[PDB]
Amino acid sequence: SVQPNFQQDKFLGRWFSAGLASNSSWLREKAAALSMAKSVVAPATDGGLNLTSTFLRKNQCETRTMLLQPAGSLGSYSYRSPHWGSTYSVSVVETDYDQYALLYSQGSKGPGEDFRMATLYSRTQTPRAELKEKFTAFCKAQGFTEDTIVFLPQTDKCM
């Protein structure tokens, strides 16, 4: 399930990781104990995307980069994780490009095959009420119970 007629160039740039829902209790715990700064979506070679996440961990600014390769329909990507020895599909399910994107990720190969995550990307660091509701409803249609949805703490300290 992808955004119809997905335009990758319009998806680029600065986003904020504003909420998530996952079936990993470990991941929800870690994320909520962090403060999120901007994410940057940039082009990689062969039509890929470089996703760079910045966050505050013990008042230290840190960054992680993920290489996403196009895979399947326009708007869908695959991510090979060295650390988890697994591959994950990541799809932009719904975006208006200018305000929000709803992402859905799940394992496709390896031990992480069962992993599932919904992500709210927002162009603003604090998403409006209606955007928060849109994300919660999306999480529920993806089969996440309400207590597995987390709106992530944000910081302006790594900008």
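Don't overthink the numbering: it's just position in the shown sequence, from 1.
**Q** Looking at the entry, does 87 to 95 or 56 to 64 show the higher mean C-alpha B-factor?
**A** Averaging CA B-factors over each stretch, the winner is 56 to 64.
**Q** On average, are the C-alpha B-factors higher in 106 to 114 or in 127 to 135?
**A** The stretch with the larger average C-alpha B-factor is 127 to 135.
**Q** Would you check the entry's CA temperature factor for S39 and let me know if it's in the chain's lowest, middle or highest third?
**A** Tercile = lowest for this residue's CA B-factor.
**Q** Split the chain's modelled residues into thirds by Cα B-factor; is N23 in the lowest, middle or highest one?
**A** Tercile = middle for this residue's CA B-factor.
**Q** Could you look up the Cα B-factor of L49 in the entry and say which third of the chain it sits in: lowest, middle or highest?
**A** Within its chain, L49 is a middle-third residue by C-alpha B-factor, going by the deposited values.
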